[PDB]
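The structure appears below as structure tokens.
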Amino acid sequence: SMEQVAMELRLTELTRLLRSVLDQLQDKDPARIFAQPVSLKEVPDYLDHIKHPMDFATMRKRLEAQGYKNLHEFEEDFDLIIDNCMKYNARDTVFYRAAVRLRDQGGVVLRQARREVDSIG
């Protein structure tokens, strides 16, 4: 149907906007602490601690399969990255501190993304 195509075009355009959001967020992580999944070879007990692991590469895979239907879904995954880190790592660590800086900086980017997703529909 033409309606299915139109909905597909909207999803494609959302995907384009989320790809630019994802690039902007990841620049706020210059140390690449959140670039890849926590390694189960190097942190073998991780899944006893964190039930839903997340990282930027895993988000990128989902994005390129047009797997985010809306910005809420994408923000959920970004918040998992931060929240998982702040539970697993103590306050006095480079890891926790990197998450706080990513949260604070990413908040700005996400504030205007929400307006752009509403605005452009």
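Note that each Cβ is placed from the backbone with ideal geometry, even for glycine, and that neighbours are counted across all protein chains shown. Please treat every number below as a calculation from the coordinates, not as lab data.
Pick out the long, greasy-scoring helices in the chain: whole DSSP H runs spanning 15 Å or more along their own axis by Cα, mean Kyte-Doolittle at least -0.5.
Numbers: long enough: 2-26 (36 Å, 0.02); 71-88 (26 Å, -0.35); 94-119 (37 Å, -0.41).
What comes out of the filter, once short or polar helices are dropped, is 2-26, 71-88, 94-119.
For the chain, the relative contact order works out to 30 percent when only alpha carbon pairs closer than 8 Å and six or more residues apart are counted.
Simple rule: put +1 on each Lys or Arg Cβ and -1 on each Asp or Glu Cβ in the chain, find the dipole, and look at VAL43, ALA99, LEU11; the Cα lying farthest toward the positive end is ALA99. Distance between the modelled labels on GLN66 and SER39, one decimal in nanometres: 3.7 nm (7 Å Cα→Cβ projection).
To the nearest µm²/s, what D does Stokes-Einstein give for the chain at 4 °C and 1.567 mPa s, using the Kirkwood radius over alpha carbon pairs as Rh?
84
Estimated purely from DSSP H runs of n ≥ 4, each contributing -39500 (n - 2.57), the mean residue ellipticity at 222 nm for the chain is -22500 deg cm²/dmol once divided by its residues.
When only the Cβ of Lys, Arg, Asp and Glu is charged (+1, +1, -1, -1), the dipole of the chain relative to its Cα centre reaches about 240 debye. Positive end of the dipole of the chain (Cβ unit charges, origin at the Cα centre): among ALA31, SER1, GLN66, the Cα lying farthest that way belongs to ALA31. The loop-placed trypsin sites (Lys or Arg not before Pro) in the stretch 22-121, going by DSSP, that have at most 14 neighbouring Cβ atoms within 10 Å of their Cβ come out as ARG32, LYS41, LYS51, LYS69, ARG91. Residue separation of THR93 and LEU11 scaled by 0.36 nm, minus their Cα-Cα distance, works out to 25.6 nm of gained length.
Taking only the alpha carbons of the stretch 64-121, we obtain Rg and Dmax values of 13.6, 42 Å in that order.
Cross-link partners for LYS28 among the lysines, with Cα-Cα distance under 21 Å and sequence neighbours closer than 8 places in the same chain left out: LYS61, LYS87.
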